[PDB]
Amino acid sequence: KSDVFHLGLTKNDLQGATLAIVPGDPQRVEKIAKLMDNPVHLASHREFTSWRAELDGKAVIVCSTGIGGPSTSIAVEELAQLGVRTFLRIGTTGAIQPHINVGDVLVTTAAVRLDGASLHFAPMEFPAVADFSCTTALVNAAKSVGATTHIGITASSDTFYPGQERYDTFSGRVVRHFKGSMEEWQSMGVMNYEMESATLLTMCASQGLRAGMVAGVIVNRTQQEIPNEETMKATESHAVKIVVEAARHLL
């Protein structure tokens, strides 16, 4: 029935699309697609929800990755088999630097590889670096909408707790090599934690594919406030506008 093992998609479903916008949450896919022209639901299998839309007369696919490098690596590989050559990740994120504020935009140049899947594509010495054209388009798009933008390194963790040094957990334990790790990243100028960029960027950079990542800040762990639903929604829309505007320049 399907041309790929997981996504439940055919080559025909994409209608010639060579660019994908890849959020983490399957529920965010519809919201992104409906910003563009003629949006249509393609398929929903497991954590992979896909919509097609049109941007300046060209087909674009929006496809969820799920949380983490493993599911991300499946989505990227199978979209590549369906003709996608450019991948733009859109997210919402915390920040770990005092100068980054809620509502700010982060463009990731490269990731600290605290994942496992990146290693299935390149050894650790290989940089988890974003594509220059993608990063440039994201920076320009953020500037065009008047965003407060920070450009730099993101720590990409296979866990959303220990790996991000969270202690309000079931065991309250963080393994030795991750204990004190957040302070290390902070001292090295790392902007934030997320969970997919190390895999996404390493995979694409070693596979002849283009990848970039943008994210809107919803919380800062050095000045931690409970996020407001109104502000989070606005920040999400702000970041989505940027990723779509960047995509217009990468078609």
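Heads up: residue numbers just count along the shown sequence, starting at 1.
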Assert higher mean C-alpha B factor (125-133 or 168-176, deposited values) equals 168-176
Would you tell me which stretch averages the higher CA B-factor in the PDB entry, 111-119 or 77-85? 77-85
In the PDB entry, which of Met213, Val217, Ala59, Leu200 has its C-alpha at the highest B-factor? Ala59
What third of its chain, lowest, middle or highest, does the C-alpha temperature factor of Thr222 fall into? middle
Could you say whether, by C-alpha temperature factor, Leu138 belongs to the lowest, middle or highest third of its chain? middle
Determine, from the deposited record, the chain-internal third of the Cα B-factor for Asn38: lowest, middle or highest. highest
For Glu194, the third of its chain by CA B-factor is the lowest
Place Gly94 in the lowest, middle or highest third of its chain's C-alpha B-factors, as listed in the PDB entry. middle
